[PDB]
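A.B. asks: I'd like to ask you about the structure that follows.
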Amino acid sequence: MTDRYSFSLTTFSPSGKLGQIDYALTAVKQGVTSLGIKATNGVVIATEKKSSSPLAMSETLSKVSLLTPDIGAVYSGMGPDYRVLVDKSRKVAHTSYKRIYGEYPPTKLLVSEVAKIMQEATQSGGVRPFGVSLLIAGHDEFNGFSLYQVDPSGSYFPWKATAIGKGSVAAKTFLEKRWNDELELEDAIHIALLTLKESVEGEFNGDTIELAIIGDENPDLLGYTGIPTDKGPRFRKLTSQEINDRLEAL
Amino acid sequence: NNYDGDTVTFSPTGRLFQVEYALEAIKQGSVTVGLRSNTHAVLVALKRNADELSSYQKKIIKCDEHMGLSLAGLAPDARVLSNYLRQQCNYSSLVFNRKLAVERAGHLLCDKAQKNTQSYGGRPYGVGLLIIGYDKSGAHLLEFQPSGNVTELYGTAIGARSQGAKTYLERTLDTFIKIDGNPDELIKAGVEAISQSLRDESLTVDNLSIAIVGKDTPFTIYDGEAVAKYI
Amino acid sequence: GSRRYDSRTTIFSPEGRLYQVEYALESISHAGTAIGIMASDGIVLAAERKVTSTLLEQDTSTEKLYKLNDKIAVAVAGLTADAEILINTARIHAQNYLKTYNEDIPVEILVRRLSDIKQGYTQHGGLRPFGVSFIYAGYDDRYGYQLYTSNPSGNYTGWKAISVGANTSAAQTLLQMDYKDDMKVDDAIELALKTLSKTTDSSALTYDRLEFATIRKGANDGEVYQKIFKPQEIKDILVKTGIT
Amino acid sequence: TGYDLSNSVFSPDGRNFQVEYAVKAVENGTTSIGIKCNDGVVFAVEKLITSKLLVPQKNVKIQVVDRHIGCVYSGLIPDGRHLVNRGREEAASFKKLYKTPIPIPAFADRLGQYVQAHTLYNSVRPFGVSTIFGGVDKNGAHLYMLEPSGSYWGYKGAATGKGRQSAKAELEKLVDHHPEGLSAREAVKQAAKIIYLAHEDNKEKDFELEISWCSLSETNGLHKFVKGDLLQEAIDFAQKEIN
Amino acid sequence: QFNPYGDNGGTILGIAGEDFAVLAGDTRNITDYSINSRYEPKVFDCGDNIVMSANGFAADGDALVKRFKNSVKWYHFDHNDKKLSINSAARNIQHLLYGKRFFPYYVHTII
Amino acid sequence: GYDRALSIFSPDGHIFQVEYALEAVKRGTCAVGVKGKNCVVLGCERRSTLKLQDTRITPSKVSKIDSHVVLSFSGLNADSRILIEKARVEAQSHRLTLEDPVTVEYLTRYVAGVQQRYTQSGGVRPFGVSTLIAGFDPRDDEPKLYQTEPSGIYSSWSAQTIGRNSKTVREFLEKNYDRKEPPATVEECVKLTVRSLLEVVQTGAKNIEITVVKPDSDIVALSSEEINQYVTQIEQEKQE
Amino acid sequence: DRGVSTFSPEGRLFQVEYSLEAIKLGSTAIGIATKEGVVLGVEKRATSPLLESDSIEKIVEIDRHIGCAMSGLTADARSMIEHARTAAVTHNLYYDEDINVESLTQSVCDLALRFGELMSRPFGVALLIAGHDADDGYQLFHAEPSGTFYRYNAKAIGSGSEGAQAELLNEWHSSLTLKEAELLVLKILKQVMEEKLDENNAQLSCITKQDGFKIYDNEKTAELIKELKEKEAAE
Amino acid sequence: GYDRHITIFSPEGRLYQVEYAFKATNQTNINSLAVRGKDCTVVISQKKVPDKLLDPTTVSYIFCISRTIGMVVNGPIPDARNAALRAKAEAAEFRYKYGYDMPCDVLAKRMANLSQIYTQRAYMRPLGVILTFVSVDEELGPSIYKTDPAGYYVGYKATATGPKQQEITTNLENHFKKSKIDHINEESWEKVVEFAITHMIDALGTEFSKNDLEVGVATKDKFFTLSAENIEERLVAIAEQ
Amino acid sequence: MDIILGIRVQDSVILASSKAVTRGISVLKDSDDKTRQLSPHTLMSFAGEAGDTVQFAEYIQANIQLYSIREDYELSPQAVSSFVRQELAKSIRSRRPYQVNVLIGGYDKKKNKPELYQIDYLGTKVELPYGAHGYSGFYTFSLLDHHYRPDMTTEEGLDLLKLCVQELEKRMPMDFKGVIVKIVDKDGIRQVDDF
Ligand SMILES: [Cl-]
């Protein structure tokens, strides 16, 4: 009844490869396509709701998760690993930041904390790396809008736009052609839906697509009034109806 | 073969090879005999020397005034187990003002040996013990094996060539059980039993080790010229 | 038990080498080249980014050059995630020293500490070493301008000019050829960029590929300034030296 | 291959081969049985007389837990003793907190969860015993049998060890021929017979019968060993049935 | 407040002769103004031709004597049934007593 | 914690990890210790594969443990820092409790004990380092030179070398060092130390470091030019 | 790989048996017990002529009444000696007496099997523990890394041990004097040593009731070597 | 090939021990089914008592986790009971700490997160079980949530688990394709149980007696299992129409 | 320990420290040096509870000496005082605090300036031109307020210090048995043997 695995399960091979990180990236490659596009006045993150059964209620399975009121995350790879990372990411945003400074962390620092957790699974005793790549979109007052990718290694890079998982090579080429530095949020959502259609085989609608935005402050979604310093969450998950509306103008 | 690397691995036929290899260390160890009547219990031990310059390795250890054992196999493991018995005998005395039952002593040794067979890192004990004692239900003799199996017996022997002594006792069973109120005759039967397990060497004065416990006899060990009487 | 699956990261080969340290150095040899050049009036840190994509947001990006305190900076070669663990430890040691002695940490003391941490992972604990090589650029009032490097073994050494990462053999020959002791920061800037321009595995060296920094004692009134170069400023210095 | 070298490793089948190897140690052991009767349970065990030097009625195999539960097992005898020692701690801590003596289904899961826990890690070995146990609680009589995997079920009759097929066949007749039920004193006699019939698989060495029982009428719901005249009456009944 | 100590009274007396020694003690055990027992032995044979008494608080006295007797038993086990000399016994008792330096045995001991 | 037994016996009675630690010492740059009548000199090789080095700030091969004792080494550099730190701490702890600085033998014995502890502790590998510990005991004018090695054995030497090609320089010292009459002066002792390194080093004076230790905490490191004068005088006498 | 505390199919601990092989590679150490004292002698075996041979400490004091000689990986003995010394001094503190030589030996041997996955491997060194006490007189013990100890009238350990033990077999009798035992240790050392025996590559010691444990001066040993040569030339 | 013995990535990006834990799921050779009514959630499972010596009352793979939550397991019983005891403990702890009864979906998530840990941490093996949780949640209404050895979990309109799950799944898929609703439009749970049994009979192609089935029913504020006689009443009604 | 004075002049720091060691009824010693050399150009005098004083001083001495060997470099008086303060500030919230007050007199070889730090057992650090601990300051600060000038020579500092000691000998009740005086300057630490 002992944890005897106090030694690394990820080690350097003779060629200089960290095998388990590479294999974790292979697992991410098999995963469903997700993407992120940064506009001037917002960020959009999107992915396919790959339903394991038609009897399953795919609404319950949220691939796109709120981390803070102004930061959202989406993934490609192993869903369970993602779910526990979101739980730790949400908690670390409080313990290591909000409870100290009285405000939510900026996107880059929350990303750094997530990255740190993923790095530790890459060096600590008796654990495999996480088998996910995350795309974290967010906004903060001094950095503005931002989009980050986080790999199984713990490495993270900021993107203007990118895609991960199944059809990422094709999707990244598509985004390179369409992206410019003068995009409005609606233009980015339009491009996101176009890019995502290429990697999707079957049905393509608001029920089989999950899409969220980091945009303007939503005082309607706040739940309370009387505090002018709190203007409401910038993160908003688009409804099944809201997606279908934009698919008619596609 | 592939399933003998540690104590935590069953073989495909349901065997624990490390326990069986520990069992093998006992067979390599020097012979010792245990036997009892209704009044007394006797340990007789053939001690082994390294060469002619060396002393003869002590086989018999006292656990309490009314209990003790003889060892065959790894002597350091016998020391660990005997010390554990000494403590349990002592705990019974101090806390309950009660001499530890010999049957209960065997149960404690079994359970201590067992923990080493089921857990990783540890090894089985590499020693077999013959515990004699006189408690509130008379004379007793136990045989401990490091698998955990403890067995109450009239007589037995463990170690190299112990099957010779064990057959003799199996024949003599009805005679030596009746040797009541006569320690010297019970020791004689033990010395005659251990003689069946000898080849080439014979029982000399610093070779032989005898112990006895009984009705009005504390556990006492006899070595040297004290055992010359019985050669 | 568990023993079966243990790589045994902290053992000697028959030749007397630490397997994992050697393989971590092999890992680092594939990372983007980082160059440190120390002049009489400052230090230059130049480094090549690995992931050229047009969509990478370069102005908010930091994979190579990090700040440890106001006086000391590092250039990284290897796993970025591993380096950031060590960087945050180094940042803490510097502030612990400041809190204790009310003086800024001497460069060598900080370097030794990080190097001692790296060493620990090679001798005990059964964990893989950090796949990181640092170039430390710094200043203190004892030794003035200092360049060091540390590697996964925990060994550190001082330098006048040095490279880590990819093509260090080629890079170190080119530096050894054109370096001189009386050199100045503006000359070292030019040498650093010329060296990367020749040793790069890319077709051409551009601003979007580089991280660049200078530690000068050429601030207002004899203080020291750390300048991490912005993308536009790296683009200007590339035109100035005549590479683009 | 190599899936059988470490405990807690799923083979490609979905099996834990180390647990199946622990079952072989159980199958190698002596026969032990359990019979559920009207108001209680009866346990019995085959004790092989290796030699004449074994003291009769001394090397007791059946163990009591608390005052109301009997346990008997086949396989590695020390592993059984270890499991009973645990059971006693579980039964003690249950009584300490909840006052009432541990119910038999509750007690069964306490052993079950513990034995199952030894199939979760490579740092421990599975138990080399199938354990037949039971007794009388507030909801009446209960007989259980617990395997190396941690699997257990309630039984009308239970049997394990080398003579299990022989015993199981005999138990299956009793279940068919007594649907209204078997009395406690009947079950003691039948238990003796079944151990005697199951001794044909271990027929080389002669043996010693040991029986125990919990019964609401015959023992006030407490575990007791069958001794003296009642034991001899059962031995005579068993000796008559084989001839 | 709970007071862990008490006073069970009594008196003891050791006298060393030329080739003998005596240790005497009264057999009365008391608390306050009540007699607990008129015969409660206080001077004990500890084996190895040593006699001991720990007069004062009877619980600490019994505890100490019990521990010393046990110390004699373990001295035999650990040193090949060697006789514990009276000087060695004395030093062994010093360590028993000082072991509880910050929660003392409330007894005056004579051997 | 990580508890794995890395240093263990092999069928032929060898602890391979301890022997493979000696191979790391064999790879290390040469170090030599020669004791005169009223001095000890520690010579060290500096490999010339590394030019563009900053010799002001690079870790020097000889380290002061206290004001009266020095420690040079051959083997893994990172490992040597751990021994030097522990030794320096123990040197101050001895002053603090004994009111007297360590003897050279005591300091050696400690460092050797630390090295031994790592050969039979779980989860750790041996130090890939052999040391030469040199100095003078407090209020004593007899020179002291000791050697340690990964296994944890230590011993006293009139002169000794460790590291790469230490076989060759030990050969040299075995014929050139006389016990009945050691190097009487500092000059003679330094000269014999430089000469012995010149057998292996195969370059002028940048590759040789010399540290002279004298009684009563008088330690001084020679400069390039001072060493280069010895190199010049040796080869001019050799041309004959 | 395989467990450190694993049993072989013959019923022996692999690591203990392999540590015994390391002890065979060690330098020779000989002990001879008599009624006038116990003599301990060792081969020093300096690896080079520049090694100052008086710094080779293979014979060691545990208490005034207990000495110790070693053979094998002699670095491993330092913690064993430390434990012995502490045990000897601690027992004097608790009991106001000298500690029995057997009890001291037993205390040392308790460390031996404290290894697993406590220390990571057995000791690679055997000890000859010689002493005197009032109960059992002059005693010589051989303490192994198995945790076993045997008492001996005489014993050789190390590289020349089986050859030396055969020689000790013939030569030892119960009426040996101390002076005879000294020469006998020197005789058997000179036989099994590679290099020629002198006062600088071999050391003697003894333990007597009066004077306690004494390592012999090189001048004293040199006279005993000269006395030996003459008595061997004498017939 | 030690990448197949512990929970680490193979070169393909696969965890073979997780995949072999899924195979252990079908070792019992039992098929389960769960469907939702208006006011209820019904779970049925095959009951196979091969030995005549077994007490059939103790042979069960349905567990009452809390008053509101029920759980059926597809897999070996020791792992099933490991999971059952933990779920009970978690549900009780939840109520104590947060002051309301643990929701079905939240328990499913919690157990799924525990399962995830066994796939990432090497010393723990995955449990060889698929846990189907059922309740009538006070916020969400009738609920089916399923957890597996991968640590995956999802809500269901209806579900099936076992060797012949695909046949049962397609049978249910086809029914909901007709009705065009997420549930069995039926008032009484008794008729929802009758539906469940009927559609398992059709899918598996086997008839059932009272001792071949095992039924669990979740209503508002209690989950309970049906006795053999309660099931017999159900079987009589099915046969009579 | 009773009186410890410190005075920073132009080019040096002067520390005067009483010689008496009194335990209750009797004066056990009249030649006690209540100071430790931490480094060649840094001296720390101390006063406070018996035992704690020396234990603390020697503990600080060992740490500064360890730093000196490790870096082959002498810490500045400012750095040493900051180290000492932190140790006392850590101490005050311990199970059993060090009851020790100190003066740290040092010559900063970099800045070529004498420096005097006064630190109490709480970890209250202050740089001063002249300092004292305990009851000494009640008499001596008013003197030094009157007679002190920053540009004083070492001889003038010593004359000013005699006037402080004379005033303490006149008006204090305890016989502190005179003072041991030590000067810290660019050349290091030396003791004035006649005072
Ligand atoms: Cl959770």
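Labels for the structure tokens follow display order: chains A, B, ..., residues from 1 in each chain, ligands from 1.
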Would you write out, as CSV, a table of all residues in chain H that have an atom no more than 7 Å from an atom of ligand 1, listing for each the closest atom pair and the distance in Å to one decimal, considering only C-alpha atoms and all ligand atoms and ordering rows by chain and rising residue number?
C.D. replies:
residue,atom,partner,partner_atom_place_in_ligand_line,distance
H:110,CA,ligand 1,1 (Cl),4.6
H:113,CA,ligand 1,1 (Cl),5.1
H:114,CA,ligand 1,1 (Cl),6.7
A.B. asks: Suppose we keep N, CA and C atoms; can you now write the selection as a PDB file, in the first residue's frame?
C.D. replies:
ATOM      1  N   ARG H 110     -16.784  13.429  -9.873  1.00  0.00           N
ATOM      2  CA  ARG H 110     -15.837  13.162  -8.785  1.00  0.00           C
ATOM      3  C   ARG H 110     -15.185  11.780  -8.925  1.00  0.00           C
ATOM      4  N   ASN H 113     -12.913  11.867 -11.963  1.00  0.00           N
ATOM      5  CA  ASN H 113     -11.640  12.510 -11.613  1.00  0.00           C
ATOM      6  C   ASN H 113     -10.711  11.554 -10.851  1.00  0.00           C
ATOM      7  N   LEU H 114     -11.278  10.742  -9.958  1.00  0.00           N
ATOM      8  CA  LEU H 114     -10.520   9.681  -9.271  1.00  0.00           C
ATOM      9  C   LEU H 114      -9.989   8.640 -10.259  1.00  0.00           C
TER      10      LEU H 114
END
A.B. asks: Considering only C-alpha atoms, tabulate each residue of chain A that lies at most 10 Å from chain F along with its nearest interatomic pair and the corresponding distance in Å to one decimal; arrange the rows by chain and ascending residue number and present them as CSV.
C.D. replies:
residue,atom,partner,partner_atom,distance
A:3,CA,F:1,CA,9.8
A:4,CA,F:2,CA,8.1
A:5,CA,F:2,CA,8.2
A:6,CA,F:2,CA,5.2
A:7,CA,F:2,CA,6.6
A:125,CA,F:2,CA,8.8
A.B. asks: Keeping only N, CA and C atoms, take the residues you just selected and write them out as a PDB file, in the first residue's frame.
C.D. replies:
ATOM      1  N   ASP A   3       3.263   4.191  -2.467  1.00  0.00           N
ATOM      2  CA  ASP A   3       3.694   4.808  -3.718  1.00  0.00           C
ATOM      3  C   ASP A   3       5.210   4.670  -3.739  1.00  0.00           C
ATOM      4  N   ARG A   4       5.689   3.671  -4.467  1.00  0.00           N
ATOM      5  CA  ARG A   4       7.124   3.428  -4.607  1.00  0.00           C
ATOM      6  C   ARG A   4       7.736   4.096  -5.838  1.00  0.00           C
ATOM      7  N   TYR A   5       6.903   4.746  -6.649  1.00  0.00           N
ATOM      8  CA  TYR A   5       7.360   5.412  -7.859  1.00  0.00           C
ATOM      9  C   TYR A   5       7.770   6.836  -7.507  1.00  0.00           C
ATOM     10  N   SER A   6       8.952   6.948  -6.907  1.00  0.00           N
ATOM     11  CA  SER A   6       9.557   8.232  -6.551  1.00  0.00           C
ATOM     12  C   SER A   6      10.627   8.645  -7.568  1.00  0.00           C
ATOM     13  N   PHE A   7      10.666   7.955  -8.713  1.00  0.00           N
ATOM     14  CA  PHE A   7      11.623   8.216  -9.800  1.00  0.00           C
ATOM     15  C   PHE A   7      10.870   8.644 -11.057  1.00  0.00           C
ATOM     16  N   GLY A 125       8.133  12.285  -9.791  1.00  0.00           N
ATOM     17  CA  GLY A 125       8.175  10.845  -9.639  1.00  0.00           C
ATOM     18  C   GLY A 125       6.823  10.209  -9.878  1.00  0.00           C
TER      19      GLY A 125
END
A.B. asks: Kindly give the distance, in Å, that separates CA of residue 59 in chain C and CA of residue 230 in chain C, rounded to a single decimal.
C.D. replies: 6.5 Å
A.B. asks: Specify as a PyMOL selection string all residues of chain B found within 12 Å of chain A, counting only C-alpha atoms.
C.D. replies: chain B and resi 118-121
A.B. asks: List the spatial neighbours of residue 219 in chain G as a list in words - criterion: any atom at most 8 Å away, only C-alpha atoms, same-chain residues fewer than 3 positions off excluded.
C.D. replies: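 My list of contacting residues is residues 199, 222 and 223 of chain G.
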A.B. asks: Enter the distance from CA of residue 233 in chain F to CA of residue 163 in chain F, in Å, rounded to one decimal.
C.D. replies: 25.9 Å
A.B. asks: Please provide as number ranges by chain all residues within 9 Å of residue 185 in chain H, with the sequence filter that same-chain residues fewer than 5 positions apart are discarded (counting only C-alpha atoms).
C.D. replies: H: 36-38, 179, 192
A.B. asks: Extract the full set of alpha helix (DSSP H) residues from range 36-80 of chain D according to DSSP on the backbone, and format it as a ChimeraX atom specification.
C.D. replies: /D:77-80
A.B. asks: Store the residues picked out above in a file with N, CA and C atoms, as a PDB file, in the first residue's frame.
C.D. replies:
ATOM      1  N   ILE D  77      -1.802 -20.783   5.290  1.00  0.00           N
ATOM      2  CA  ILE D  77      -2.422 -20.619   6.616  1.00  0.00           C
ATOM      3  C   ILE D  77      -2.071 -19.284   7.300  1.00  0.00           C
ATOM      4  N   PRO D  78      -0.807 -18.827   7.199  1.00  0.00           N
ATOM      5  CA  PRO D  78      -0.464 -17.507   7.744  1.00  0.00           C
ATOM      6  C   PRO D  78      -1.240 -16.336   7.124  1.00  0.00           C
ATOM      7  N   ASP D  79      -1.441 -16.359   5.804  1.00  0.00           N
ATOM      8  CA  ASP D  79      -2.262 -15.347   5.116  1.00  0.00           C
ATOM      9  C   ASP D  79      -3.685 -15.287   5.677  1.00  0.00           C
ATOM     10  N   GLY D  80      -4.246 -16.454   5.991  1.00  0.00           N
ATOM     11  CA  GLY D  80      -5.549 -16.545   6.651  1.00  0.00           C
ATOM     12  C   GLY D  80      -5.551 -15.917   8.036  1.00  0.00           C
TER      13      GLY D  80
END
A.B. asks: Tell me as a compact mmCIF listing (two decimals) with C-alpha atoms, in the first residue's frame which residues belonging to chain B come within 6 Å of chain D, counting only C-alpha atoms.
C.D. replies:
# COMPACT_ATOMS: atom_id res chain seq x y z
CA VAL B 8 5.75 -10.49 -3.32
CA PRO B 12 2.10 -19.93 -11.79
CA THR B 13 1.60 -23.03 -9.58
CA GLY B 14 0.89 -20.85 -6.49
CA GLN B 114 3.93 -13.66 7.65
CA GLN B 118 3.44 -10.49 1.75
CA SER B 119 5.23 -7.10 1.55
CA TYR B 120 7.74 -5.77 -0.97
CA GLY B 148 4.70 -18.59 9.04
CA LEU B 153 4.28 -31.35 18.43
CA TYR B 154 5.27 -34.11 20.88
CA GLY B 155 8.70 -34.22 19.25
A.B. asks: If we count only C-alpha atoms and set the cut-off at 8 Å, which residues sit around range 84-94 of chain I, ignoring sequence neighbours fewer than 4 positions away in its own chain? Please answer as number ranges by chain.
C.D. replies: C: 100; I: 60, 80, 98, 119-125
A.B. asks: Residues within 10 Å of residue 37 in chain F, please, as a VMD selection string. Count only C-alpha atoms; anything in the same chain fewer than 6 positions from it doesn't count.
C.D. replies: chain F and resid 141 to 143 181 to 186 189
A.B. asks: Residues of the last selection are to be written out with N, CA and C atoms, as a compact mmCIF listing (two decimals), in the first residue's frame.
C.D. replies:
# COMPACT_ATOMS: atom_id res chain seq x y z
N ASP F 141 54.52 23.12 12.52
CA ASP F 141 55.31 23.43 11.32
C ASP F 141 55.64 22.20 10.47
N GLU F 142 55.03 21.06 10.79
CA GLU F 142 55.14 19.84 10.00
C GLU F 142 54.10 19.89 8.87
N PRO F 143 54.53 19.75 7.60
CA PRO F 143 53.56 19.77 6.49
C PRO F 143 52.66 18.53 6.46
N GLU F 181 65.54 13.37 2.12
CA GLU F 181 65.74 14.80 1.92
C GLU F 181 64.69 15.36 0.95
N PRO F 182 63.55 15.85 1.48
CA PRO F 182 62.54 16.46 0.61
C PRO F 182 62.96 17.86 0.15
N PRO F 183 62.21 18.46 -0.80
CA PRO F 183 62.47 19.84 -1.22
C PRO F 183 62.61 20.80 -0.03
N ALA F 184 63.85 21.21 0.24
CA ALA F 184 64.19 21.99 1.44
C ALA F 184 63.53 23.37 1.48
N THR F 185 63.42 24.01 0.32
CA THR F 185 62.85 25.35 0.19
C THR F 185 61.52 25.32 -0.56
N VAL F 186 60.87 26.49 -0.61
CA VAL F 186 59.65 26.68 -1.40
C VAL F 186 59.97 26.55 -2.90
N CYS F 189 60.45 22.90 -4.02
CA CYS F 189 59.18 22.18 -3.97
C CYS F 189 58.26 22.55 -5.13
A.B. asks: Please, what distance in Å, to one decimal, runs between CA of residue 234 in chain D and CA of residue 194 in chain D?
C.D. replies: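 CA of residue 234 in chain D sits 10.9 Å away from CA of residue 194 in chain D.
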A.B. asks: Could you pull out the strand (DSSP E) residues of range 6-111 of chain E from DSSP and send them as a PyMOL selection string?
C.D. replies: chain E and resi 12-16+21-25+29-31+34-37+43-45+51-56+107-110
A.B. asks: So that I can see what lies close to residue 188 in chain G, please list as an MDAnalysis selection string the residues with an atom at most 9 Å from it, counting only C-alpha atoms and leaving out residues fewer than 5 positions away in the same chain.
C.D. replies: chainID G and resid 30 163:164 167:168 183 193
A.B. asks: Determine the nearest neighbour of residue 80 in chain E from the options G:61, G:76, G:2, G:100, counting only C-alpha atoms.
C.D. replies: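 Distance minimum relative to residue 80 in chain E lands on G:100.
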A.B. asks: Specify as a short mmCIF file (atom, residue, chain, number, x, y, z; two decimals) with C-alpha atoms, in the first residue's frame all residues of chain C found within 6 Å of chain A, counting only C-alpha atoms.
C.D. replies:
data_model
loop_
_atom_site.label_atom_id
_atom_site.label_comp_id
_atom_site.auth_asym_id
_atom_site.auth_seq_id
_atom_site.Cartn_x
_atom_site.Cartn_y
_atom_site.Cartn_z
CA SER C 2 8.44 -0.55 -8.64
CA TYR C 23 21.51 12.94 -23.15
CA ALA C 24 20.19 16.24 -21.77
CA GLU C 26 22.18 16.19 -26.67
CA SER C 27 18.67 17.65 -26.17
CA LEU C 55 1.06 33.86 -36.43
CA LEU C 56 3.33 33.84 -33.32
CA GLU C 57 2.70 37.01 -31.25
CA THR C 80 11.59 26.39 -21.68
CA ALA C 81 9.32 24.93 -19.00
CA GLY C 126 16.05 9.57 -8.90
CA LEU C 127 14.57 12.34 -11.09
CA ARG C 128 15.63 13.42 -14.57
#
A.B. asks: Enumerate, in order of chain and increasing residue number, the residues of chain G with an atom no farther than 12 Å from chain E, each with its shortest atom pair and distance in Å to one decimal, counting only C-alpha atoms, as JSON lines.
C.D. replies:
{"residue": "G:90", "atom": "CA", "partner": "E:92", "partner_atom": "CA", "distance": 11.7}
{"residue": "G:91", "atom": "CA", "partner": "E:92", "partner_atom": "CA", "distance": 9.9}
{"residue": "G:92", "atom": "CA", "partner": "E:88", "partner_atom": "CA", "distance": 9.1}
{"residue": "G:93", "atom": "CA", "partner": "E:91", "partner_atom": "CA", "distance": 7.8}
{"residue": "G:94", "atom": "CA", "partner": "E:92", "partner_atom": "CA", "distance": 5.5}
{"residue": "G:95", "atom": "CA", "partner": "E:88", "partner_atom": "CA", "distance": 4.3}
{"residue": "G:96", "atom": "CA", "partner": "E:88", "partner_atom": "CA", "distance": 5.4}
{"residue": "G:97", "atom": "CA", "partner": "E:88", "partner_atom": "CA", "distance": 7.0}
{"residue": "G:98", "atom": "CA", "partner": "E:88", "partner_atom": "CA", "distance": 10.4}
{"residue": "G:99", "atom": "CA", "partner": "E:79", "partner_atom": "CA", "distance": 8.8}
{"residue": "G:100", "atom": "CA", "partner": "E:79", "partner_atom": "CA", "distance": 7.2}
{"residue": "G:101", "atom": "CA", "partner": "E:79", "partner_atom": "CA", "distance": 9.7}
{"residue": "G:102", "atom": "CA", "partner": "E:79", "partner_atom": "CA", "distance": 8.0}
{"residue": "G:103", "atom": "CA", "partner": "E:79", "partner_atom": "CA", "distance": 6.0}
{"residue": "G:104", "atom": "CA", "partner": "E:79", "partner_atom": "CA", "distance": 9.6}
{"residue": "G:105", "atom": "CA", "partner": "E:79", "partner_atom": "CA", "distance": 11.3}
{"residue": "G:106", "atom": "CA", "partner": "E:78", "partner_atom": "CA", "distance": 9.1}
{"residue": "G:107", "atom": "CA", "partner": "E:78", "partner_atom": "CA", "distance": 9.7}
{"residue": "G:133", "atom": "CA", "partner": "E:82", "partner_atom": "CA", "distance": 11.7}
{"residue": "G:134", "atom": "CA", "partner": "E:82", "partner_atom": "CA", "distance": 10.6}
{"residue": "G:135", "atom": "CA", "partner": "E:82", "partner_atom": "CA", "distance": 7.9}
{"residue": "G:136", "atom": "CA", "partner": "E:80", "partner_atom": "CA", "distance": 10.3}
